[PDB]
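Next up is one chain by itself, shown in structure tokens, the form deposited in one PDB entry.
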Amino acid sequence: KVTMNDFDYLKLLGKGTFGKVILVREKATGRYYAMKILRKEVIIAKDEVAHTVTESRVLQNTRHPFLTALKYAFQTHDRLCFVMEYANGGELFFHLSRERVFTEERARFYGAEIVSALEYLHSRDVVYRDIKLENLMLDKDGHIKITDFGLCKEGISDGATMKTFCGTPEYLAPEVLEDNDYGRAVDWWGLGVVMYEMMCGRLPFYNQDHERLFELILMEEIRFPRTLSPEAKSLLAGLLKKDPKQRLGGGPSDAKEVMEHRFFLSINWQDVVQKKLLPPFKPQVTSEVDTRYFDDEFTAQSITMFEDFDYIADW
């Protein structure tokens, strides 16, 4: 069994309405982890129990190099705690914001790891639904880690559909902005937006007003920098096709279609999951508590129904 007192609480890494993520050290081992702490009373009051349960189930039942892994889960009378592997490289959002744009080769590396993770999730009948820069982290070696599984839908195989209006506004697929149901191709739209951001340095569609933002997503044609390679233009046009049936990855073979795109001609998809490729960037931390790839906004801040939640990993 594991409790709150089994850990040192070092630094705030991230924060939302429904929880905080703290860098912790397990006292007995000296190992560092990221602990997500939620308030039961808030989760219950605001009807976030289903999302929290889904997040728990996905974490408990997935194992993939490019998905955040759960070490322990436990609870108290008023709190739920996920102890996850710590990604010391921060969010892809941090890095892209600093660099403005990635090379196509660097974008291809991250893109391949994301495709691998999405292929894996789809193979487990899970649709992720919230691909975005803030939910993609870099681990200590520079590999992608997908985070934030609360918006996943489980039990979606083949062309099964979903109804919930959810995601992140800027990343919503056009079909999600129509009435009725949508399928797993929404994840390839999401990949398209992040790939577009990585190679073009901006969102493909943006307005501060959601009504106008949603009009752009539904109605506006994407634009490309003149100098983007033809293969990059082709990939982005394919992933950001508005009709999910015409979208790259939208057909019956799903991730296969994306993997076979000429943009990824140089990728050995078997090497990808085995982590044989040297990543394009390794976080240059000087210690395990060096939080330089997290915003000072968080790290400076001082720190002072659920039946099947508890979990201890077999690793």
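If you superpose the two forms and keep the largest set of C-alpha atoms that fall within 1.5 Å, you have the rigid core. Residue positions are given as counts along the sequence shown, with the first one as 1.
Third-or-more of other entries without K46: Across the compared entries, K46 is left out in at least a third.
Among the other entries of this protein that model both neighbours of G167, is it absent from at least a third? Comparison shows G167 dropped in at least a third of the other entries.
Highest mean C-alpha temperature factor of the two stretches 258 to 266 and 278 to 286, which is it? Mean B over CA atoms: larger for 278 to 286.
Please work out which of 99 to 107 and 186 to 194 has the higher mean CA B-factor as recorded in the PDB entry. Result: 99 to 107.
Report the option among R31, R247, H64, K36 whose CA atom has the maximum B-factor in the deposited record. Top of the list by C-alpha B-factor: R31.
Can you tell me which of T76, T164, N135, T168 has the highest Cα temperature factor in the record? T76 has the highest C-alpha B-factor of those listed.
Where does the C-alpha B-factor of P204 rank in its chain, lowest, middle or highest third? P204: CA B-factor falls in the lowest third of its chain.
Chain thirds of CA B-factor: placement of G159: It belongs to the highest third of the chain when residues are ordered by C-alpha B-factor.
Taking the entry's C-alpha B-factors for this chain, is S123 in the lowest, middle or highest third? Tercile = middle for this residue's CA B-factor.
Once the chain's modelled residues are ordered by C-alpha B factor and cut into thirds, is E221 in the lowest, middle or highest one? It falls in the top third of the chain.
Position of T52 among the chain's modelled residues by C-alpha B-factor, lowest, middle or highest third: For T52, the deposited C-alpha B-factor lands in the middle third.
Note that the form deposited in another entry isn't included here; everything after this is about it.
Core aligned, does the CA of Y182 move at least 2 Å between the shown form and the other one? Comparing the forms between the shown form and the other one, which are aligned on their rigid core, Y182 does shift its C-alpha by 2 Å or more.
If you line up the core, does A73 shift 2 angstroms or more at its C-alpha between the shown form and the other one? The answer is yes, as the C-alpha of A73 shifts between the shown form and the other one by 2 Å or more after core alignment.
With both forms fitted on the core, check whether the Cα of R247 differs by 2 Å or more between the shown form and the other one. The answer is no; the displacement is under 2 Å.
Cα separation of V194 and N180 in that other deposited form versus here, shift of 3 Å or more: Relative to this form, closer in that other deposited form.
Thinking of the 3 angstroms or more shift, are the C-alphas of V176 and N180 brought closer or pushed farther apart in that other deposited form than in this view? Closer: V176 and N180 approach by 3 Å or more in that other deposited form.
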